[PDB]
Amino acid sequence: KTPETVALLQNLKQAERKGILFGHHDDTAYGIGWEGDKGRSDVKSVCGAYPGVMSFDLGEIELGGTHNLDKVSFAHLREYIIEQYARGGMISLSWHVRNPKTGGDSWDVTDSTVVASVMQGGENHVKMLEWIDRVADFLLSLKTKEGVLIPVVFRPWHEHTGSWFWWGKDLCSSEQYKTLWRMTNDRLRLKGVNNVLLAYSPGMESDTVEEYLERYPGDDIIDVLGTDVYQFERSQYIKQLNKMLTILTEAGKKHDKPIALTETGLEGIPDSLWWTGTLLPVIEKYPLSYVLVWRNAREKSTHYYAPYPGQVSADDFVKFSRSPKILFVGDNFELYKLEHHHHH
């Protein structure tokens, strides 16, 4: 891993001391009522600072086209990534990859033999490695104008304990799933992709650490232990989020990995006090390195997870943002600076 990448990991590992970076998907790409405006951010428009983490998706890079599945160009993603690094924030990338057997999208679960087909000897193995190489080439293009590779937390194969993606629980064995991870790591390493940290991120199906780790590909592959948990009903969310963050904290101590709430949110945040009244009291109890809420879909204006100006939860988001526990660009962290000393 590059020096800046090791520094990022070491700074994620001191979350207990520094606080929780706040994140938003596609934050500088678009939001409610806009797309592509230079420097614009629904998060910054509400609270005045950029989120400490921004994530974007590489889905459809494997098809060799110019835009991802959410119609954002890869050349724009690279710009947004360079700009987030320049201001000192973190970047994460997910990968809603197409179905290599059916030609469908990530959510095509018609065929439960897709992962088998990309194993060694399978009809789609070479193509799967070509697809991963296309991700590798994009990652290698994430450079500062001075030529420094930009560290990224790459989070492929997510939500694998559910069965809504073609790599999900009912669609492959535990060993097949771990092999996806090994193929991914192998190709990234061969390509010299030394600017990636890998994050593991199943949802809330697991009730225990044993279950959470059943499909874990190993400490030598994974750098960040995450989970994706959304609010559908408040009491259940509080129970299930506490349950998963307890699992993450226990597992992260057992395996010496930082932890993160890699996706969460309340769609349309109709609860005007969601941020301080529901989310913060849960997450502040756990040593999270970051918490990321999902995109503000310009193309479906009910589908948003961060506020925007005038949105009913916006004032409360401002109050949340002022918590010393929650970190935005401008706050007291330096992700890419090594402080050169062991933990004790």
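All residue numbers are counted from 1 along the displayed sequence.
Comparing 133 to 141 with 87 to 95, the stretch with the higher mean C-alpha B-factor in the PDB entry is 133 to 141. Set 190 to 198 against 221 to 229 and average the Cα temperature factors; 190 to 198 ends up higher. The entry assigns its greatest Cα B factor, within the set 73, 208, 235, 242, to 235. Out of 69, 292, 32, 306, it is 32 whose C-alpha atom has the highest B-factor in the PDB entry. In the deposited entry, the Cα temperature factor of residue 287 sits in the middle third of values across the chain's modelled residues. The PDB entry assigns residue 19 a C-alpha temperature factor belonging to the middle third of its chain's modelled residues.
Among all modelled residues in this chain, the alpha-carbon of residue 64 has a temperature factor (C-alpha) in the middle third. The entry lists a Cα temperature factor for residue 280 that places it in the middle third of the chain's modelled residues. Among the modelled residues of the chain, residue 120 sits in the highest third by CA temperature factor in this PDB entry.
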